[PDB]
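> no sequence for this one, just the structure:
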Ligand SMILES: *[C@@H]1O[C@H](CO)[C@@H](O)[C@H](O)[C@H]1NC(C)=O
Ligand SMILES: *[C@@H]1O[C@H](CO)[C@@H](O)[C@H](O)[C@H]1NC(C)=O
Ligand SMILES: *[C@@H]1O[C@H](CO)[C@@H](O)[C@H](O)[C@H]1NC(C)=O
């Protein structure tokens, strides 16, 4: 202005970071950039376009109303035709609108679960070498520069490399 | 609780709103030499009633699972909110 | 040395509807 990340413990979005849908924001002594996590954004985009294309594909065989004419002594058949065409249009209108509603909530929950899964991926990598600040941040306990920033953003974070300074800094 | 009750009443109201334009069966009469068209009318009305019965029952089933999972996610998001703020000052006992 | 995780935004006024909430503002939406 289901999952608890988007509009959850992460309070709001980031206007500066425009490269992807989800990403990072590092703030060390060497600078402060707003990077984007690829292979999560691309997976989300692929899933979203696949979902949209399936919604287009499943609705190709709808009902097409044709014009049939009847005379004044064919009013029951005219009423039957009107009710058939209107009932099929109502059925497909309900199908389209209700499918839009469900897939909209599913898309929002999918984005939320993607953000929470990225959060959990970073949490499972840093382990105790960091500190969950509660808003989606991990204040590092050792000296972490760009070289370990890119490994956190990669998926190749090396836990045994950094454990001496964290214990000393704690009280 | 306020957000949860607003969500479930909104879900129920959208369930009522999407089903205003169902099929309404109208009585049409045919004679003994109009039996094919009588069968056509019977099959049309019964097929539309079956379609909307399936729509209502299946929508009730999905929205019932969604409501139960919504309450479950609300409880888990409250639990995770309290864990996040308490940090190491507390201790998870496992039961909540 | 923070490595905060978040998501993308604009100032867009694109609005969608879900089952439990209307007037949902979204970053990107596709009218169909
Ligand atoms: C991150 O991955 C890219 C792509 O494979 C690679 O070039 C880069 O060296 C990696 N960084 C680290 C710290 O391993
Ligand atoms: C939001 O949805 C409501 C229905 O609850 C509708 O009246 C309103 O026009 C929508 N908002 C906008 C800005 O169109
Ligand atoms: C917001 O998303 C819209 C589409 O709704 C897109 O045109 C735009 O690039 C994003 N950013 C801004 C600043 O509007």
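Looks like it came in fine. Numbering: from 1, shown residues only, chains lettered A, B, ... in the order given. Ligands and ions are numbered 1, 2, ... in the order given.
> Report how many residues lie close to the closest residue to residue C:11 other than its chain neighbours.
Counting by C-beta to C-beta, 6 or more residues apart in numbering or on different chains, residue C:11 lies nearest to residue A:15, which is 7.7 Å off, once chain neighbours are set aside. Yep, even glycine has a C-beta here, placed from its N, CA and C like the rest. Each residue near residue A:15 was counted by other C-beta atoms under 10 Å in any protein chain shown, and the total is 11.
> list the contacts for residue 22?
Defaulting to chain A. Applying C-beta atoms under 8 Å, 6 or more residues apart in numbering or on different chains, we find residue A:22 in contact with A:36-37, A:40-41, A:44, A:114-115, A:118, C:5-8.
> Sorry, I should have been clearer: chain C.
For residue C:22, the contact set (C-beta under 8 Å, 6+ apart) comprises residue B:10.
> thought the residue nearest to residue C:11 was touching residue C:10?
Yes - the pair residue A:15 / residue C:10 is scored as a contact, 7.1 Å apart, by C-beta atoms under 8 Å.
> element containing the residue nearest the centre of chain A, please.
Nearest to the geometric centre of chain A sits residue A:111, at 1.5 Å (C-alpha atoms, centre = their mean). Using DSSP states H and E, residue A:111 maps to helix A:75-126.
> again with residue A:55
helix A:41-58.
> Outside of that helix itself, list whatever touches it.
A:20-23, A:99-100, A:103, A:106-107, A:110-111, A:114, C:30, C:32.
> and the two most separated of the residues you listed?
Farthest-apart pair in these is A:23 and A:99; separation 30.5 Å (C-beta to C-beta).
> the more surrounded of these two?
Higher neighbour count among residue A:23 and residue A:99: residue A:23, with 24 against 13, using other C-beta under 10 Å.
> show me the residues around that one that make contact.
Residue A:23 neighbours (C-beta under 8 Å, 6+ apart): A:14, A:17, A:34-37, A:41, C:5-8.
> coming back round to it: just checking, what packs against the helix holding residue A:111?
Secondary-structure packing of helix A:75-126 (3 or more C-beta pairs under 8 Å, 6 or more residues apart in numbering or on different chains; DSSP states H and E): strand A:22-28, helix A:41-58, helix A:146-154, helix B:2-18, helix B:35-86, strand C:2-7, strand C:24-26.
> Also compute the angle for the fourth one relative to helix A:75-126, please.
Okay, so that is helix B:2-18. Helix B:2-18 and helix A:75-126 are oriented at 150 degrees to each other (axes from the mean of the first three to the mean of the last three C-alpha atoms, to 10 degrees).
> so how far is the helix holding residue A:55 from its chain's centroid?
Centroid separation for helix A:41-58 versus its chain: 12 Å, with C-alpha atoms, centre = their mean, to the nearest Å.
> interface residues of chain C facing chain A?
C:1-11, C:16-20, C:24-27, C:30, C:32 (C-beta under 8 Å from any C-beta of the partner chain).
> Does residue A:170 touch residue A:142 like I think?
No - counting by C-beta under 8 Å, residue A:170 stays clear of residue A:142, with 11.4 Å between them.
> So for the two, which sits in the more crowded spot?
Shown here are residue A:170 and residue A:142; by other C-beta under 10 Å, residue A:142 has more neighbours (17 against 8).
> correct me, but that one touches residue A:168?
No - using C-beta under 8 Å, residue A:142 is not in contact with residue A:168; the gap is 9.8 Å.
> Indicate the residue of chain C located nearest to chain A.
Nearest to chain A in chain C, going by C-beta to the nearest C-beta, is residue C:9, at a distance of 3.3 Å.
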